[PDB]
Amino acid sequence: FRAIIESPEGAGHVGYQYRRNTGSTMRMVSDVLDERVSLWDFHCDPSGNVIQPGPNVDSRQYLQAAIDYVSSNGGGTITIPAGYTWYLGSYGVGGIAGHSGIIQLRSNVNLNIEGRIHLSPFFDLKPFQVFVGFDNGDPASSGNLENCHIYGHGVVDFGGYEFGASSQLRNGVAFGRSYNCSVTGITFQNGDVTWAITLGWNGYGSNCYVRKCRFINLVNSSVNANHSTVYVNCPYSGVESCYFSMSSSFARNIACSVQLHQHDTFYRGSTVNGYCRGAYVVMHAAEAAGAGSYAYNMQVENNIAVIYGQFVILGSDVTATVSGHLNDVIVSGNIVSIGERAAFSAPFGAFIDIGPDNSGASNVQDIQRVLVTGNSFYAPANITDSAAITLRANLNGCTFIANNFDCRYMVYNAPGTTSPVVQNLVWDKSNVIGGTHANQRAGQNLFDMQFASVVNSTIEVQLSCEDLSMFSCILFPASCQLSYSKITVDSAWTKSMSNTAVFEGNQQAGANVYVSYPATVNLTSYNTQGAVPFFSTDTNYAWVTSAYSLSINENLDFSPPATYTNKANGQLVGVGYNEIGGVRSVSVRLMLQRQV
């Protein structure tokens, strides 16, 4: 009996009944211990003796053995115990080797990480993906991962190692073709990695989430080619209530917090500091296998960010046989700023970017039905390269309502570069343009419409303070066609502006262009006492449907017309009043209107 009791089967001979309840199961101690499982149950030598973790012990095979066994019983939760650091020191084998995998995840096997998991210097300068849910080196031939959750108060620490080569890939958790999988509560820190977590594979997967995680200092070298902390590559998936921080200079040029790359995905309630970018919202044709060619129902909401480049980047692209489409997006409630930096020291600052594809093409995109509403954006006054929207590729629609943008440009695209075709750009009068960059805008147009064409668009400009440094509120080069559009410049704070709206190709004459903006006009009357016509000297007003005074009349003996219409020769004309006769000559600020 003593022998049995001291043997590994001893607990299986000690009887137990819950709280001495006579109606409860007569069990053995081992049965109750068998209800939970930890790494300690597999972290042993060939003779079954427990091995202490530490920097000179590779815990990988033990952890894999745990996962494999629990998988065999239909699943469960393995605890990685608190108060210990568990080092990983070799690559895994089989299907995950194609993915430089360390640990293979398996369906229904959750990890409750309370302790710390730390990479050993075996991985210095090498690729790695710490946890991998694919079961095949080729993801297309991989089975699925289902019902796998990683959670706890613990830590995945990437050991600080730099990348060995830019072409290398590194990841924390790749769930694979992942259905009902999640990461909750975990801190990922101290690396130079490509991603911390990836969800799904080219649209295959569903209901994957990252919640209440922290990601701290995950880029550290110039070798790192590119970093996106969470890539969401399956639908009905998202990121909520996370914290993302970088301190590296390199992160300000390369790192993004989230990629939303399939339909019905979201990014909410998170805080970001030290990153180049906030989120991509993208349909890559190359990734359309699992869930279709459309990214729709895309939500970026209630985030806080200090970034150095662009907050939300929109795009879609094509392959030889597939075309990607992006539609039905909402960006709302976010408060974002470009952090302190020199002008042009990082990628061009923006709230929204319409980004050309990875080859630079701006004529492949099919982006539409986007609503950008109730956001704040700020950039410091020196950051010339800051815009509410950098509109650098074809756009089929984007709607701005009730935002507050306080940066250098409202709408921008660089001249010379791409010439996007623009449709359904709506900038509602309820967008408030801040004043931080007042006096900085010499030579610049607030809305610099450097496009091939604009159609079915609305730009309602409303200033909230003066900025007499700007060349114009809005300017269209002669190369930009403009049709079936509404372009207005509210008069407030514009009295002293030389140019308000500028149409370098006189595009405001178009049949279906609806405009209004202030201008100064010289007029001269006839001599006649009484009701008397005033006519503009210039003849550039053939497009004007009505105009009205924005100036007081300092005279007693006459008054100019309150309102004007035009004449076939391009003059304005209205009827004023000469109390006493005489030819009058006045220079008046008018609101020019066309079909409005």
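In case it trips you up, residue 1 is the first one in the sequence shown, and so on.
Of the two segments examined, 116-124 and 348-356, it is 116-124 that shows the higher average Cα temperature factor in the deposited entry. Note on 87-95 vs 272-280: mean CA B-factor is higher in 87-95. Of the candidates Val544, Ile552, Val29, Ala562, the PDB record gives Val29 the highest C-alpha temperature factor. Highest CA B-factor among the listed residues (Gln450, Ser496, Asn303, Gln168): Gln168. The PDB entry assigns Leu572 a C-alpha temperature factor belonging to the lowest third of its chain's modelled residues. The deposited CA B-factor of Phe175 belongs to the middle third of values across its chain.
When the modelled residues of the chain are ordered by C-alpha B-factor, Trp427 sits in the lowest third.
Among the modelled residues of the chain, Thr417 sits in the highest third by CA temperature factor in this PDB entry. Among the modelled residues of the chain, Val455 sits in the lowest third by CA temperature factor in this PDB entry.
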